[PDB]
């Protein structure tokens, strides 16, 4: 059982964590200042979003030099000190690895775009248009065609994401060797983990035939069907990860769940663990902007399908939130002032008793909410400007339809500054924050949470302890008591003849729970929103609105 199977991770979007120089952008110094806070919470390891030199058309996901640090975050010396200060606390760092595409300002692309005979030409994908139009019908995730004509050579380069994010050509051995050398540069600095963004799209289909209309309906899935993908990931492991001790994590965006085992089965020598989208997008329409009503029954059944593809040799991450999705309490909980803390704790109990390695998103430990967008600029983000181009400019929807829906699903919901206290701009910055702070910072902030044994924060800290001390709760098997139940989420975790029972009321009303025939409460480890723990030997539970609990059973 490697260290990573029982670790609890915390994801820090540095741009919005803590500013230390007034420019309104979070930075490395600000993260280094808060390690004590993170340690005190119980956090073993941090995954930071892209921290490399970038023009920031996509807040670090368009990388212009893989070997320099983002100017906004600090210098290489600031990154080294972060590493050092993490190590002092026996903490580990996972970095984000963005090698499906680079920025169009990367030196490689500047060279590549110069002529068709340039030595870098095949570091990207260049093709002639067909029939006066693009080379084929590929759509981009961030608006319009995935192909962009370059007047310099008259050909089109491929970009699955933004126009300023040209896809890297993995079919070219020289480029793969460069990528590997780049990974060693960071690994040699002692980085403990790497998360590969959109790891499933690295392999492109030879010939670039047009997508079928079915394929066009789910293009994301088509872009994960490159015929050399597993070949390339296995090569990366042989030449890189085999020689180091880091954990690898794949963001498997767009792939069908049944293919996930190919990425994570320890025996195949590709990656260690999976970030999947089935759960967190379980109520998102195919357009990635509308929502579809779902029940708890939908929620638990997805989790069960997801757990099942881990098998014996695979391993999952678990998360309810990240920098690409709405806030966990607003999305899966109830964010109204009277149910917010109660449901946030109930979500905490879920997160920390899932099988897999949990990732907690910055701010969820405080019960941070979605942002109340009013304006146009509140929504500012390459992906929504993409939705405008594809849905508004084309007359498929009105701006106000877009914004009503995007208010609920926008990435910007997760990127509002972390709420440290009740000072100006919640103590995030002394300047003017890059995105506005949520007004509810006056009720929802770290300083107020940490001082209160009854807070969301304190509930998270207690859960993390209980998990750290209970093997079954990280590496134990998982079993859903009743997948068709849409009121109360019940499951067991077991290891080595010990069994724990997690019960979570998802209704804002009293509910009852009857334990499995022959099973009885032995001890109560923790509850939220309960006025009294069950009696030793209880065969059922009386549950308050939003109540959660962990029990040892016999």
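Positions refer to the first chain, counted from 1.
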As the entry reports it, the stretch among 174 to 182 and 419 to 427 with higher mean C-alpha B factor is 419 to 427
Entry B factor averaged over C-alpha atoms, 193 to 201 against 309 to 317: higher for 309 to 317
Residue set 140, 353, 112, 465, per-entry CA B-factor max assigned to 465
Top Cα B-factor in this entry, restricted to 74, 395, 483, 363, sits on 483
Residue 159: CA temperature factor from the record, placed by chain third, in the lowest
Residue 332: C-alpha B-factor third of its chain, per the entry, is the lowest
Of the three thirds of the chain ranked by Cα temperature factor, residue 95 occupies the lowest
On the chain's distribution of Cα B-factors, residue 280 falls within the third called lowest
Temperature factor at the Cα of residue 239, chain-ranked in thirds, falls in the middle
